[PDB]
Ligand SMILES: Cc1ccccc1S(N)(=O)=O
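The chain that follows stands alone, in the form deposited without this ligand, written as structure tokens.
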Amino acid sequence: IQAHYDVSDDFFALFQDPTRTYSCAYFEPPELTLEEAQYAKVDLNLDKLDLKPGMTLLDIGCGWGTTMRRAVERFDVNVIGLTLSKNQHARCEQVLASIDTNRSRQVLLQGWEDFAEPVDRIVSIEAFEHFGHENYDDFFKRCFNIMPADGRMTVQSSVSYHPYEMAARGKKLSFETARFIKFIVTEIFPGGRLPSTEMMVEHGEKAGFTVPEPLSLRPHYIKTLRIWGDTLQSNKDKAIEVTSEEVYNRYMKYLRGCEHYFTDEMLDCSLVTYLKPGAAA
């Protein structure tokens, strides 16, 4: 049933930047191109992890390998990537083999559940919404236990508010936003579940992590979703013939919809840092 919502990588290519990054860009400075801003977002994440030469970085949901490659090139670190996409696995192996380094580069076709190797630092960019509510305790325990005393993790995730907080903005918008979230979790990311920032923070604390004030990327996702929407819209004919009018309509609704609800502050995007007790000052 969810398989009906499986879409070819070719489609995403028609609205994403050349890196094919499927997550919030970081427009600092404001007038970066989408491509440059996707690199700036990778740097935002990596710059919080206190990476030193010879450390191993684990990337949970390593995508097309852009984060891992930047990490090797900027920080001279070993990398391990986890992905569930064969196509992403293939791309990543070739991206990493392409790098002129002596550092260990490994990509694994598996989830974090199956990963139990010591690593120094963890990065996870918009993979966490594709886990499940009941999995969050196990995820933070795993991350805590596989890292040394000075371990750090960043998790970037799209975020909803608890029904109670949404009701604070009036019942009309709340029920309306609840149904749009349902649509995303059914047809865009089937079986997904949007966490709250509060959940991301408190599950981290329960596992023993120090969690500073999460960074909001709301304004950067608005700009990202606007460019994605405009780009998909300009490639409508091309997009339709690669999939269907059904799929184009679905994704235009997704992109225009998120832009709207991010603007109305019924959705957020959180970059949460998790510091182990022995993390550097």
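Note that residue numbering follows the sequence shown and begins at 1. Each form is matched to the other, and the largest set of C-alpha atoms that superpose within 1.5 Å is called the rigid core. Only residues modelled in both forms are compared.
On average the C-alpha atoms of 124 to 132 have higher B-factors than those of the other stretch, with 124 to 132 and 149 to 157 being the two compared.
Comparing 232 to 240 with 214 to 222, the higher mean C-alpha B-factor in the PDB entry belongs to 232 to 240. Annotation for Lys86, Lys172, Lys141, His203: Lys86 ranks highest, by Cα B-factor. Comparing the listed residues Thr263, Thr21, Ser270, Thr273, the entry records the largest Cα B-factor for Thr263. In the PDB entry, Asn102 places in the highest third of its chain by CA B-factor. Residue-level temperature factors show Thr67 in the middle third of its chain, judged at the C-alpha atom. Per the deposited record, the Cα B-factor of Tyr164 falls in the highest third when ranked against the other modelled residues of its chain. The entry lists a Cα temperature factor for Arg256 that places it in the highest third of the chain's modelled residues. Among the modelled residues of its chain, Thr33 has a C-alpha B-factor that falls in the highest third, as given in the PDB entry.
Not on display, but discussed next: the form deposited with this ligand bound.
Backbone and C-beta atoms of the displayed form come within 2.4 Å of three or more atoms of this ligand after its pose in the entry with it bound is superimposed, which defines the site as blocked. Contact between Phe128 and this ligand in the entry with it bound is found at the 4.5 Å heavy atom cutoff. For the chain shown alone, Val201 is not a contact residue for this ligand in the entry with it bound, no non-hydrogen atom being within 4.5 angstroms.
For the chain shown alone, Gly132 is a contact residue for this ligand in the entry with it bound, at least one non-hydrogen atom being within 4.5 angstroms. The shortest heavy atom separation between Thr154 and this ligand in the entry with it bound exceeds 4.5 Å. Heavy atoms within 4.5 Å of this ligand in the entry with it bound are found in exactly one of 142 to 150, 201 to 209, 162 to 170, 120 to 128, that being 120 to 128. Contact annotation for 158 to 190: residues with any non-hydrogen atom within 4.5 angstroms of this ligand in the entry with it bound are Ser158, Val185, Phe189, listed in sequence order. Aligning the rigid core between this form and the one not shown and inspecting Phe209, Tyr161, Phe128, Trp112, the C-alpha positions shift by 2 Å or more at one residue, which is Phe128. Relative to the shown form, the Cα atoms of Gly61 and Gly132 move together by 3 Å or more in the entry with it bound. In the entry with it bound, the Cα atoms of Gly132 and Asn45 sit 3 Å or more nearer to each other than they do here.
Superposition on the rigid core leaves 128 to 134 as the sole run of at least three consecutive shared residues whose Cα positions differ by 2 Å or more between this form and the one not shown.
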